[PDB]
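Have a look at the structure below before the remarks.
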Number of protein chains: 2
Amino acid sequence: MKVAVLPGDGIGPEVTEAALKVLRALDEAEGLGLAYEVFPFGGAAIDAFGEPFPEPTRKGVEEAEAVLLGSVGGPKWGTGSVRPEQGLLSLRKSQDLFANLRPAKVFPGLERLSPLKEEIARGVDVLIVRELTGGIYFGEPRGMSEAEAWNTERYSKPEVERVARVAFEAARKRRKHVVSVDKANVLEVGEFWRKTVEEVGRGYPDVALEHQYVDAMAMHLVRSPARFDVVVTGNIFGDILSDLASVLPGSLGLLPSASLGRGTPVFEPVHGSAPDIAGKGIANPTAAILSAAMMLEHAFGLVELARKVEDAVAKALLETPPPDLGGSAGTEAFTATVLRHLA
Amino acid sequence: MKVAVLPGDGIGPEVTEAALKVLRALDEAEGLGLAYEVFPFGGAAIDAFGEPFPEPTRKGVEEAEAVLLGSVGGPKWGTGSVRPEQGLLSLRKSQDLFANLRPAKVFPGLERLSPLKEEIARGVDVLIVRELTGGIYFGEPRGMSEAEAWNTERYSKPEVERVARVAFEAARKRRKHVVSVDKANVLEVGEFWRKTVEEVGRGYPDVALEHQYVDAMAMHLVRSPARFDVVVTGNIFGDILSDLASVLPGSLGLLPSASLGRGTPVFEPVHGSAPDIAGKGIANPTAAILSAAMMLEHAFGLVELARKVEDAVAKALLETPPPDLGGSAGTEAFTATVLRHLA
């Protein structure tokens, strides 16, 4: 289990270490053969090397089986050419990560934080898989003039095929149900997407496949989000649907995410670097611990342990809620109870 | 007040008449000079004339100042070339209706029907204005092959200008706040849309204008929908955002809609024809009465009376809820109390 750790800026070092404390505990208990090394990334890298993704780090992520990312960014680098964020872009490109996984889960007992009535928020555990490299965001031709502007939603068979496969594989480890979202009833691209996913699906007889229009899906995620498992769609649709789903739990700080592709996969919390809270303790490590769980599941296929970590933090959230959840548990405090439920 | 009434199929004649009872009551009380004529439309027209939008009806809507539409469709015409729905298409095209208005309002006391927690559902009263004729749905070039498929999101200055103006005019009659939604941070079309609406806005100093990304807007409509008034966006974004907003009240049957443009405006309930309920009474006329209110407001500028009708049905909903709201008030019963609060 060769893991490249990139703590990053602000609260990154603190939350990342909390994840490591959980990973080390599991390693003792199960002998996972964990081997990790921490590398400079983000603003810290700019300040120490001049660039956000220095040579030693690039080589380090390339030699690893997975990447545990902290957080990047800060007002100190809101000026200049070299921005901490280009580091994310370079990391993603260097490994050809083409799929973005964003889970939205309403942990039992925490239905009160959801914008939805508790009856409907209960049981939500959906995973949005978004195509990251193609679509209208990168399509040609594109342009603008005084009189008009245009952008192209384009997709080739291979692009749809690969993202679809990660959705199916992801589904096998969950509740084996996938819903591909398109706009097949009006757009050629939609029809193309649908028929391609229907074809790819033939090789996964153990997983159920359903199709939905993006407009209907927007309604479903608000009326009955609990009925879904894995959702796969294009770049722009995945962007919109990911954000919509992200508000379901009622606290962005609890969200982890992952980017899968041809190279080393990346796991990272969704929240920002929160530099004014750095070093005080208090930072909520939930998202980073949940990213570690995502790593165990997607990078190593250790689904059972990932679920073990998940239940652990679920209990911890009710038991010693972090400040951001109206509680007073500090970073170490919260992690301690997670560890206690991991025994 | 020359109104063309097109009752349509199923429950259309019943709900439409209920709206007429409200309009006639106001006419007596305020002397609006109401003059309406009913024409054949939809399946009834196919059965009586062979087409859903017969000559006498086309001439009738052309001579009128507004159209009150009932409902169209039914299993009897799910076969054949001539479908009741092409009638909607022809109507819309004949009058060059380029903007679709879809309100989502959570009537006080009915927060319990919303999928959202009552604290957040309370006070929702948003109007989505969607561009209907352009965008990716009709953009060129478009196509599909064995290897790829493409569709173009294209917009010319005039298209953005007209839809934007209806949003501003609509806003003046409400809370004078407009939020234009785009994808300006990634797409040329988004940037073009934004700069065009910012320019058009200069001629409406009395209305506040704000801009939002579609992905952020999806979150806002679920986390804090009560903070919006008028929302204007492109075809596809408006489609998605209209449906998302439509689930906010928790009952599609209460929703009215309107299509504005160069010709005679169309007002119609969002719900279907519900043919198995036809003639029994029981049909909820709320959406049709609210369409009549939309007519008063948008076609005749009688904002004060529209609000008067709105408050009337709001009270009626709490007082004698229709069956679809767990009550037992039939069509005539519900209308009677609406009329009583209109005095």
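In the structure tokens, each chain is lettered A, B, ... as it comes, each chain's residues begin at 1, and ligands are numbered from 1 in order of appearance.
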*asked:* I'd like the neighbourhood of range 122-136 of chain B as an MDAnalysis selection string, where a residue qualifies if any of its atoms comes within 7 Å (using only C-alpha atoms), though same-chain residues fewer than 3 positions away should be ignored.
replied: chainID B and resid 98:106 108 111 118:119 139 151:155 163 167 225:226 228:235 238 242
Determine, using only C-alpha atoms, which residues of chain A have any atom at most 8 Å from an atom of chain B, and tabulate each with its shortest atom pair and distance in Å to one decimal place, rows ordered by chain and then rising number, as a tab-separated table.
residue	atom	partner	partner_atom	distance
A:115	CA	B:116	CA	5.6
A:116	CA	B:116	CA	4.2
A:117	CA	B:117	CA	4.9
A:120	CA	B:115	CA	7.3
A:137	CA	B:186	CA	6.5
A:142	CA	B:188	CA	7.2
A:143	CA	B:188	CA	6.1
A:144	CA	B:188	CA	6.0
A:146	CA	B:157	CA	7.8
A:147	CA	B:157	CA	5.4
A:148	CA	B:156	CA	4.0
A:149	CA	B:189	CA	4.9
A:150	CA	B:154	CA	4.3
A:151	CA	B:153	CA	5.2
A:152	CA	B:152	CA	4.6
A:153	CA	B:151	CA	5.2
A:154	CA	B:150	CA	4.3
A:155	CA	B:148	CA	5.5
A:156	CA	B:148	CA	4.0
A:157	CA	B:147	CA	5.4
A:186	CA	B:137	CA	6.5
A:187	CA	B:137	CA	6.7
A:188	CA	B:144	CA	6.0
A:189	CA	B:149	CA	4.9
A:192	CA	B:149	CA	6.3
A:214	CA	B:240	CA	7.0
A:215	CA	B:240	CA	4.5
A:216	CA	B:243	CA	7.1
A:218	CA	B:244	CA	5.5
A:219	CA	B:244	CA	5.0
A:222	CA	B:115	CA	7.0
A:223	CA	B:115	CA	6.1
A:239	CA	B:215	CA	6.6
A:240	CA	B:215	CA	4.5
A:241	CA	B:215	CA	7.8
A:243	CA	B:219	CA	6.2
A:244	CA	B:219	CA	5.0
A:246	CA	B:219	CA	8.0
A:247	CA	B:219	CA	6.3
Given only C-alpha atoms, how would the per-residue table for range 48-132 of chain A near range 296-317 of chain A read, listing every residue at most 8 Å away with its closest atom pair and distance in Å to one decimal, sorted by chain and number, as a tab-separated table?
residue	atom	partner	partner_atom	distance
A:65	CA	A:299	CA	7.2
A:66	CA	A:299	CA	6.4
A:107	CA	A:314	CA	6.0
A:108	CA	A:314	CA	7.4
Selected residues written out with N, CA, C and O atoms, as a compact mmCIF listing (two decimals), in the first residue's frame:
# COMPACT_ATOMS: atom_id res chain seq x y z
N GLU A 65 0.74 4.14 -5.51
CA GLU A 65 -0.46 3.44 -5.93
C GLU A 65 -1.69 4.32 -5.70
O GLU A 65 -2.75 4.07 -6.26
N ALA A 66 -1.53 5.36 -4.87
CA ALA A 66 -2.62 6.28 -4.55
C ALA A 66 -2.07 7.57 -3.96
O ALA A 66 -0.96 7.60 -3.42
N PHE A 107 -25.58 10.72 6.81
CA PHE A 107 -25.30 9.80 7.90
C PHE A 107 -26.48 9.77 8.88
O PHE A 107 -27.04 10.81 9.23
N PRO A 108 -26.90 8.56 9.28
CA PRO A 108 -28.02 8.42 10.21
C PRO A 108 -27.84 9.29 11.45
O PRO A 108 -26.75 9.38 12.00
*Of the residues B:81, B:335, B:251, B:212, which is the one nearest to residue 285 in chain B, using only C-alpha atoms?*
B:335
*For residue 44 in chain B: contacts at 12 Å, only C-alpha atoms, fewer than 2 positions along chain excluded, given as a ChimeraX atom specification*: /B:6-10,12-13,39-42,46-54,70-74,76-77,83-85,87,273
Written selection (C-alpha atoms) as a tab-separated table (two decimals), in the first residue's frame:
chain	number	residue	atom	x	y	z
B	6	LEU	CA	-59.06	26.69	-25.53
B	7	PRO	CA	-60.37	24.19	-22.91
B	8	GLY	CA	-58.75	21.16	-24.53
B	9	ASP	CA	-59.18	17.56	-23.43
B	10	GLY	CA	-59.81	15.59	-20.26
B	12	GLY	CA	-59.57	20.96	-19.43
B	13	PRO	CA	-63.21	22.05	-19.91
B	39	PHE	CA	-62.46	27.36	-29.55
B	40	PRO	CA	-61.74	23.66	-30.28
B	41	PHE	CA	-58.17	22.61	-29.51
B	42	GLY	CA	-56.27	19.38	-28.93
B	46	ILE	CA	-58.70	16.22	-34.05
B	47	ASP	CA	-61.95	14.31	-33.49
B	48	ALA	CA	-64.09	17.18	-34.75
B	49	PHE	CA	-61.88	18.64	-37.50
B	50	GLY	CA	-58.99	16.29	-38.13
B	51	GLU	CA	-56.32	18.60	-36.73
B	52	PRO	CA	-55.39	19.87	-33.22
B	53	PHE	CA	-55.24	23.56	-34.20
B	54	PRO	CA	-58.04	24.13	-36.76
B	70	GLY	CA	-56.85	24.05	-20.61
B	71	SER	CA	-55.05	20.74	-21.06
B	72	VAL	CA	-54.22	18.58	-24.07
B	73	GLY	CA	-53.60	14.89	-24.68
B	74	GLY	CA	-55.06	11.47	-24.01
B	76	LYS	CA	-57.03	8.01	-27.60
B	77	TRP	CA	-54.48	9.88	-29.72
B	83	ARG	CA	-50.98	14.14	-32.29
B	84	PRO	CA	-52.78	16.56	-29.90
B	85	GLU	CA	-49.40	17.88	-28.83
B	87	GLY	CA	-51.15	21.70	-31.56
B	273	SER	CA	-55.34	16.15	-19.01
Could you pull out the strand (DSSP E) residues of range 65-207 of chain B, going by DSSP on the backbone, and write them as a PDB file with N, CA and C atoms, in the first residue's frame?
ATOM      1  N   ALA B  66     -55.156  37.539 -25.471  1.00  0.00           N
ATOM      2  CA  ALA B  66     -54.593  36.499 -24.612  1.00  0.00           C
ATOM      3  C   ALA B  66     -55.302  35.172 -24.842  1.00  0.00           C
ATOM      4  N   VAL B  67     -54.607  34.089 -24.501  1.00  0.00           N
ATOM      5  CA  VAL B  67     -55.122  32.733 -24.627  1.00  0.00           C
ATOM      6  C   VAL B  67     -55.107  32.039 -23.275  1.00  0.00           C
ATOM      7  N   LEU B  68     -56.234  31.429 -22.921  1.00  0.00           N
ATOM      8  CA  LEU B  68     -56.373  30.674 -21.680  1.00  0.00           C
ATOM      9  C   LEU B  68     -56.459  29.250 -22.193  1.00  0.00           C
ATOM     10  N   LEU B  69     -55.447  28.452 -21.884  1.00  0.00           N
ATOM     11  CA  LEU B  69     -55.371  27.078 -22.349  1.00  0.00           C
ATOM     12  C   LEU B  69     -55.723  26.097 -21.243  1.00  0.00           C
ATOM     13  N   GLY B  70     -56.477  25.055 -21.587  1.00  0.00           N
ATOM     14  CA  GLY B  70     -56.852  24.053 -20.610  1.00  0.00           C
ATOM     15  C   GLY B  70     -55.760  23.007 -20.530  1.00  0.00           C
ATOM     16  N   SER B  71     -56.026  21.823 -21.064  1.00  0.00           N
ATOM     17  CA  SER B  71     -55.049  20.737 -21.057  1.00  0.00           C
ATOM     18  C   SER B  71     -55.226  19.949 -22.339  1.00  0.00           C
ATOM     19  N   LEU B  97     -43.699  32.821 -29.684  1.00  0.00           N
ATOM     20  CA  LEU B  97     -43.560  32.924 -28.239  1.00  0.00           C
ATOM     21  C   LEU B  97     -42.141  32.431 -27.975  1.00  0.00           C
ATOM     22  N   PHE B  98     -41.285  33.321 -27.478  1.00  0.00           N
ATOM     23  CA  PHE B  98     -39.884  32.978 -27.243  1.00  0.00           C
ATOM     24  C   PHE B  98     -39.449  32.838 -25.790  1.00  0.00           C
ATOM     25  N   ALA B  99     -40.332  33.181 -24.857  1.00  0.00           N
ATOM     26  CA  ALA B  99     -40.009  33.098 -23.436  1.00  0.00           C
ATOM     27  C   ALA B  99     -41.051  32.279 -22.672  1.00  0.00           C
ATOM     28  N   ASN B 100     -40.581  31.412 -21.783  1.00  0.00           N
ATOM     29  CA  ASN B 100     -41.470  30.577 -20.983  1.00  0.00           C
ATOM     30  C   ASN B 100     -41.327  31.001 -19.536  1.00  0.00           C
ATOM     31  N   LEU B 101     -42.445  31.335 -18.901  1.00  0.00           N
ATOM     32  CA  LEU B 101     -42.455  31.759 -17.501  1.00  0.00           C
ATOM     33  C   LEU B 101     -43.037  30.633 -16.644  1.00  0.00           C
ATOM     34  N   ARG B 102     -42.290  30.182 -15.643  1.00  0.00           N
ATOM     35  CA  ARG B 102     -42.750  29.106 -14.763  1.00  0.00           C
ATOM     36  C   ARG B 102     -42.540  29.505 -13.306  1.00  0.00           C
ATOM     37  N   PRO B 103     -43.627  29.828 -12.593  1.00  0.00           N
ATOM     38  CA  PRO B 103     -43.546  30.221 -11.185  1.00  0.00           C
ATOM     39  C   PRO B 103     -43.513  29.013 -10.245  1.00  0.00           C
ATOM     40  N   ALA B 104     -42.854  29.182  -9.109  1.00  0.00           N
ATOM     41  CA  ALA B 104     -42.770  28.148  -8.096  1.00  0.00           C
ATOM     42  C   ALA B 104     -42.998  28.970  -6.852  1.00  0.00           C
ATOM     43  N   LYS B 105     -44.090  28.687  -6.161  1.00  0.00           N
ATOM     44  CA  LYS B 105     -44.430  29.434  -4.967  1.00  0.00           C
ATOM     45  C   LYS B 105     -44.923  28.488  -3.885  1.00  0.00           C
ATOM     46  N   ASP B 125     -41.125  32.165  -3.727  1.00  0.00           N
ATOM     47  CA  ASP B 125     -41.978  32.772  -4.748  1.00  0.00           C
ATOM     48  C   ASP B 125     -41.023  33.208  -5.862  1.00  0.00           C
ATOM     49  N   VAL B 126     -40.558  32.236  -6.635  1.00  0.00           N
ATOM     50  CA  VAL B 126     -39.601  32.493  -7.707  1.00  0.00           C
ATOM     51  C   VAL B 126     -40.211  32.288  -9.095  1.00  0.00           C
ATOM     52  N   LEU B 127     -39.753  33.067 -10.068  1.00  0.00           N
ATOM     53  CA  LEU B 127     -40.257  32.975 -11.429  1.00  0.00           C
ATOM     54  C   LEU B 127     -39.108  32.694 -12.370  1.00  0.00           C
ATOM     55  N   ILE B 128     -39.119  31.522 -12.997  1.00  0.00           N
ATOM     56  CA  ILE B 128     -38.063  31.167 -13.942  1.00  0.00           C
ATOM     57  C   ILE B 128     -38.495  31.604 -15.335  1.00  0.00           C
ATOM     58  N   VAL B 129     -37.632  32.344 -16.020  1.00  0.00           N
ATOM     59  CA  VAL B 129     -37.911  32.801 -17.371  1.00  0.00           C
ATOM     60  C   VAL B 129     -36.881  32.072 -18.221  1.00  0.00           C
ATOM     61  N   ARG B 130     -37.375  31.212 -19.096  1.00  0.00           N
ATOM     62  CA  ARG B 130     -36.530  30.389 -19.943  1.00  0.00           C
ATOM     63  C   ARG B 130     -36.597  30.747 -21.423  1.00  0.00           C
ATOM     64  N   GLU B 131     -35.434  30.894 -22.043  1.00  0.00           N
ATOM     65  CA  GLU B 131     -35.376  31.199 -23.464  1.00  0.00           C
ATOM     66  C   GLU B 131     -35.861  29.921 -24.156  1.00  0.00           C
ATOM     67  N   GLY B 143     -25.013  16.575 -35.066  1.00  0.00           N
ATOM     68  CA  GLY B 143     -24.916  15.330 -35.797  1.00  0.00           C
ATOM     69  C   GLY B 143     -24.514  14.162 -34.935  1.00  0.00           C
ATOM     70  N   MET B 144     -24.286  13.033 -35.592  1.00  0.00           N
ATOM     71  CA  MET B 144     -23.916  11.804 -34.921  1.00  0.00           C
ATOM     72  C   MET B 144     -23.291  10.883 -35.961  1.00  0.00           C
ATOM     73  N   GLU B 148     -18.602   9.462 -33.013  1.00  0.00           N
ATOM     74  CA  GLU B 148     -18.889  10.623 -32.172  1.00  0.00           C
ATOM     75  C   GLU B 148     -20.218  11.293 -32.480  1.00  0.00           C
ATOM     76  N   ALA B 149     -20.602  12.227 -31.618  1.00  0.00           N
ATOM     77  CA  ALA B 149     -21.836  12.989 -31.766  1.00  0.00           C
ATOM     78  C   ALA B 149     -21.546  14.401 -31.268  1.00  0.00           C
ATOM     79  N   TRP B 150     -22.220  15.390 -31.843  1.00  0.00           N
ATOM     80  CA  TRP B 150     -22.011  16.785 -31.469  1.00  0.00           C
ATOM     81  C   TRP B 150     -23.297  17.602 -31.550  1.00  0.00           C
ATOM     82  N   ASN B 151     -23.374  18.646 -30.730  1.00  0.00           N
ATOM     83  CA  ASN B 151     -24.515  19.569 -30.672  1.00  0.00           C
ATOM     84  C   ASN B 151     -23.923  20.921 -30.323  1.00  0.00           C
ATOM     85  N   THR B 152     -24.502  21.990 -30.852  1.00  0.00           N
ATOM     86  CA  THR B 152     -23.957  23.318 -30.613  1.00  0.00           C
ATOM     87  C   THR B 152     -24.828  24.253 -29.794  1.00  0.00           C
ATOM     88  N   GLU B 153     -24.223  24.819 -28.759  1.00  0.00           N
ATOM     89  CA  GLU B 153     -24.868  25.790 -27.890  1.00  0.00           C
ATOM     90  C   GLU B 153     -24.512  27.109 -28.554  1.00  0.00           C
ATOM     91  N   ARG B 154     -25.447  27.672 -29.310  1.00  0.00           N
ATOM     92  CA  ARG B 154     -25.205  28.923 -30.013  1.00  0.00           C
ATOM     93  C   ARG B 154     -26.256  29.951 -29.639  1.00  0.00           C
ATOM     94  N   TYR B 155     -25.840  31.210 -29.530  1.00  0.00           N
ATOM     95  CA  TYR B 155     -26.735  32.312 -29.192  1.00  0.00           C
ATOM     96  C   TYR B 155     -26.296  33.605 -29.861  1.00  0.00           C
ATOM     97  N   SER B 156     -27.246  34.297 -30.483  1.00  0.00           N
ATOM     98  CA  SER B 156     -26.983  35.572 -31.143  1.00  0.00           C
ATOM     99  C   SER B 156     -27.483  36.665 -30.196  1.00  0.00           C
ATOM    100  N   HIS B 177     -36.086  42.276  -8.822  1.00  0.00           N
ATOM    101  CA  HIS B 177     -34.758  41.682  -8.725  1.00  0.00           C
ATOM    102  C   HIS B 177     -34.658  40.569  -9.745  1.00  0.00           C
ATOM    103  N   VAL B 178     -33.601  40.604 -10.548  1.00  0.00           N
ATOM    104  CA  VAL B 178     -33.378  39.611 -11.586  1.00  0.00           C
ATOM    105  C   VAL B 178     -32.002  38.972 -11.417  1.00  0.00           C
ATOM    106  N   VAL B 179     -31.944  37.652 -11.589  1.00  0.00           N
ATOM    107  CA  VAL B 179     -30.693  36.915 -11.518  1.00  0.00           C
ATOM    108  C   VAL B 179     -30.572  36.204 -12.854  1.00  0.00           C
ATOM    109  N   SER B 180     -29.554  36.580 -13.617  1.00  0.00           N
ATOM    110  CA  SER B 180     -29.307  35.961 -14.902  1.00  0.00           C
ATOM    111  C   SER B 180     -28.341  34.828 -14.611  1.00  0.00           C
ATOM    112  N   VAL B 181     -28.650  33.647 -15.122  1.00  0.00           N
ATOM    113  CA  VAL B 181     -27.837  32.466 -14.887  1.00  0.00           C
ATOM    114  C   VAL B 181     -27.108  32.029 -16.152  1.00  0.00           C
ATOM    115  N   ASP B 182     -25.803  31.818 -16.021  1.00  0.00           N
ATOM    116  CA  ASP B 182     -24.983  31.417 -17.151  1.00  0.00           C
ATOM    117  C   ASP B 182     -23.878  30.475 -16.692  1.00  0.00           C
TER     118      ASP B 182
END
Compile the contact shell of residue 11 in chain A as a short mmCIF file (atom, residue, chain, number, x, y, z; two decimals) with N, CA, C and O atoms, in the first residue's frame: residues with an atom at most 12 Å away, counting only C-alpha atoms, same-chain residues fewer than 6 positions apart removed.
data_model
loop_
_atom_site.label_atom_id
_atom_site.label_comp_id
_atom_site.auth_asym_id
_atom_site.auth_seq_id
_atom_site.Cartn_x
_atom_site.Cartn_y
_atom_site.Cartn_z
N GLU A 17 -3.00 14.33 8.56
CA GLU A 17 -2.40 13.53 9.62
C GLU A 17 -3.49 12.74 10.33
O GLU A 17 -3.27 11.60 10.71
N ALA A 18 -4.66 13.34 10.49
CA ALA A 18 -5.77 12.65 11.15
C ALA A 18 -6.16 11.41 10.34
O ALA A 18 -6.50 10.37 10.91
N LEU A 69 -4.65 13.67 -0.79
CA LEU A 69 -4.46 15.11 -0.92
C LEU A 69 -5.11 15.86 0.22
O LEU A 69 -6.20 15.51 0.65
N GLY A 70 -4.42 16.89 0.73
CA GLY A 70 -4.97 17.68 1.81
C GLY A 70 -5.84 18.78 1.23
O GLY A 70 -6.92 18.51 0.73
N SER A 71 -5.35 20.01 1.28
CA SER A 71 -6.10 21.15 0.74
C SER A 71 -5.09 22.12 0.16
O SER A 71 -3.95 22.19 0.62
N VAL A 72 -5.50 22.88 -0.84
CA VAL A 72 -4.60 23.83 -1.49
C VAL A 72 -5.21 25.23 -1.62
O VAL A 72 -6.42 25.38 -1.73
N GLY A 73 -4.36 26.25 -1.58
CA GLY A 73 -4.83 27.61 -1.73
C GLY A 73 -4.66 28.49 -0.51
O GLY A 73 -4.46 28.00 0.60
N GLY A 74 -4.75 29.79 -0.72
CA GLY A 74 -4.60 30.75 0.36
C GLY A 74 -4.39 32.14 -0.21
O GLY A 74 -3.79 32.28 -1.28
N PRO A 269 -10.36 15.88 0.23
CA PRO A 269 -11.58 16.44 0.82
C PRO A 269 -12.05 17.59 -0.10
O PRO A 269 -11.24 18.23 -0.78
N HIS A 271 -13.70 20.47 0.87
CA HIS A 271 -13.51 21.77 1.50
C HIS A 271 -12.22 22.54 1.18
O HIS A 271 -11.23 21.97 0.71
N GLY A 272 -12.22 23.83 1.52
CA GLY A 272 -11.06 24.67 1.29
C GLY A 272 -9.96 24.53 2.33
O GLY A 272 -10.10 23.76 3.28
N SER A 273 -8.90 25.33 2.17
CA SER A 273 -7.74 25.30 3.07
C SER A 273 -7.93 25.97 4.42
O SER A 273 -7.10 25.76 5.32
N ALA A 274 -8.98 26.78 4.57
CA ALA A 274 -9.28 27.48 5.83
C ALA A 274 -8.03 27.91 6.61
O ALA A 274 -7.86 27.56 7.78
N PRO A 275 -7.19 28.77 6.01
CA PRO A 275 -5.95 29.26 6.63
C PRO A 275 -6.02 30.01 7.97
O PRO A 275 -5.05 30.00 8.72
N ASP A 276 -7.16 30.61 8.29
CA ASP A 276 -7.32 31.33 9.55
C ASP A 276 -7.55 30.39 10.74
O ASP A 276 -7.55 30.80 11.90
N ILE A 277 -7.74 29.11 10.44
CA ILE A 277 -8.00 28.09 11.45
C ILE A 277 -6.79 27.15 11.60
O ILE A 277 -6.71 26.36 12.54
N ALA A 278 -5.81 27.31 10.71
CA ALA A 278 -4.61 26.49 10.72
C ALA A 278 -3.86 26.50 12.05
O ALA A 278 -3.73 27.54 12.70
N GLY A 279 -3.39 25.32 12.48
CA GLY A 279 -2.67 25.21 13.73
C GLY A 279 -3.44 25.30 15.05
O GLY A 279 -2.89 25.02 16.09
N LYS A 280 -4.72 25.66 14.98
CA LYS A 280 -5.54 25.79 16.20
C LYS A 280 -6.10 24.49 16.68
O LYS A 280 -6.55 24.39 17.82
N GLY A 281 -6.05 23.47 15.82
CA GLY A 281 -6.65 22.19 16.13
C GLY A 281 -7.98 22.46 15.46
O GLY A 281 -7.98 22.95 14.31
N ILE A 282 -9.08 22.25 16.17
CA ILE A 282 -10.46 22.50 15.69
C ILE A 282 -10.95 22.09 14.29
O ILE A 282 -12.14 21.85 14.12
N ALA A 283 -10.07 22.02 13.30
CA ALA A 283 -10.45 21.65 11.94
C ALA A 283 -11.13 20.29 11.93
O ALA A 283 -10.70 19.35 12.61
N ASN A 284 -12.22 20.18 11.17
CA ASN A 284 -12.97 18.93 11.05
C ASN A 284 -12.23 17.98 10.07
O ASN A 284 -12.10 18.28 8.88
N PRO A 285 -11.73 16.84 10.57
CA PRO A 285 -11.01 15.89 9.70
C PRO A 285 -11.90 14.86 8.99
O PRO A 285 -11.39 14.00 8.28
N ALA A 287 -13.87 14.85 6.30
CA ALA A 287 -13.68 14.73 4.86
C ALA A 287 -12.37 14.03 4.48
O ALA A 287 -12.34 13.26 3.51
N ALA A 288 -11.31 14.26 5.24
CA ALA A 288 -10.01 13.64 4.95
C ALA A 288 -10.03 12.17 5.34
O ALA A 288 -9.45 11.34 4.66
N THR A 331 -9.86 18.53 16.45
CA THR A 331 -9.33 17.56 15.50
C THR A 331 -8.87 16.25 16.15
O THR A 331 -9.33 15.18 15.78
#
*asked:* For the structure I just gave you, how does DSSP split range 27-212 of chain B - specifically, which residues are helix (DSSP H, G or I)? Reply as a ChimeraX atom specification.
replied: /B:27-30,43-49,55-63,75-77,86-94,111-113,118-121,157-172,188-201
Residues from last step as file, C-alpha atoms, as a short mmCIF file (atom, residue, chain, number, x, y, z; two decimals), in the first residue's frame:
data_model
loop_
_atom_site.label_atom_id
_atom_site.label_comp_id
_atom_site.auth_asym_id
_atom_site.auth_seq_id
_atom_site.Cartn_x
_atom_site.Cartn_y
_atom_site.Cartn_z
CA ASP B 27 -65.44 41.58 -14.50
CA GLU B 28 -68.67 42.33 -12.62
CA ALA B 29 -66.72 43.92 -9.76
CA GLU B 30 -64.23 45.98 -11.78
CA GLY B 43 -57.76 15.92 -29.26
CA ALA B 44 -61.28 17.35 -29.34
CA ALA B 45 -60.21 19.31 -32.43
CA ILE B 46 -58.70 16.22 -34.05
CA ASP B 47 -61.95 14.31 -33.49
CA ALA B 48 -64.09 17.18 -34.75
CA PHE B 49 -61.88 18.64 -37.50
CA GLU B 55 -58.43 27.26 -38.89
CA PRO B 56 -61.20 28.90 -36.79
CA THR B 57 -59.02 28.51 -33.69
CA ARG B 58 -55.87 29.95 -35.32
CA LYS B 59 -57.83 32.98 -36.44
CA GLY B 60 -59.39 33.22 -32.98
CA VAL B 61 -56.10 33.29 -31.08
CA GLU B 62 -54.73 35.80 -33.58
CA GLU B 63 -57.69 38.17 -32.97
CA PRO B 75 -54.49 7.75 -24.79
CA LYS B 76 -57.03 8.01 -27.60
CA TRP B 77 -54.48 9.88 -29.72
CA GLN B 86 -48.34 19.25 -32.23
CA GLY B 87 -51.15 21.70 -31.56
CA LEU B 88 -49.09 23.24 -28.75
CA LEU B 89 -46.09 23.47 -31.05
CA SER B 90 -48.09 25.13 -33.83
CA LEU B 91 -49.74 27.56 -31.39
CA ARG B 92 -46.36 28.55 -29.95
CA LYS B 93 -44.77 28.96 -33.38
CA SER B 94 -47.66 30.90 -34.93
CA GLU B 111 -44.92 24.41 3.61
CA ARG B 112 -45.74 20.86 4.71
CA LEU B 113 -45.98 19.72 1.09
CA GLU B 118 -40.42 24.30 6.44
CA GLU B 119 -37.92 26.96 7.53
CA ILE B 120 -36.44 27.06 4.04
CA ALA B 121 -39.60 26.36 2.02
CA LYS B 157 -27.31 39.00 -29.46
CA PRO B 158 -31.01 39.51 -30.42
CA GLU B 159 -32.07 36.17 -28.86
CA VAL B 160 -30.50 37.06 -25.52
CA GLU B 161 -31.83 40.63 -25.71
CA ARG B 162 -35.50 39.73 -26.06
CA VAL B 163 -35.71 37.08 -23.37
CA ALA B 164 -33.75 39.39 -21.05
CA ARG B 165 -36.29 42.19 -21.57
CA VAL B 166 -39.26 40.03 -20.55
CA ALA B 167 -37.38 39.13 -17.36
CA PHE B 168 -36.86 42.80 -16.48
CA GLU B 169 -40.47 43.75 -17.28
CA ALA B 170 -41.66 40.72 -15.28
CA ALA B 171 -39.44 41.79 -12.40
CA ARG B 172 -40.88 45.34 -12.31
CA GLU B 188 -17.83 31.73 -24.45
CA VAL B 189 -21.64 31.59 -24.77
CA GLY B 190 -21.87 32.18 -21.03
CA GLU B 191 -19.64 35.24 -21.20
CA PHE B 192 -21.58 36.50 -24.22
CA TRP B 193 -24.89 35.97 -22.40
CA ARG B 194 -23.61 37.78 -19.31
CA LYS B 195 -22.27 40.83 -21.09
CA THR B 196 -25.41 41.14 -23.19
CA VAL B 197 -27.76 41.01 -20.20
CA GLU B 198 -25.53 43.50 -18.33
CA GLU B 199 -25.93 45.86 -21.27
CA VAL B 200 -29.71 45.41 -21.64
CA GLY B 201 -30.00 46.01 -17.91
#
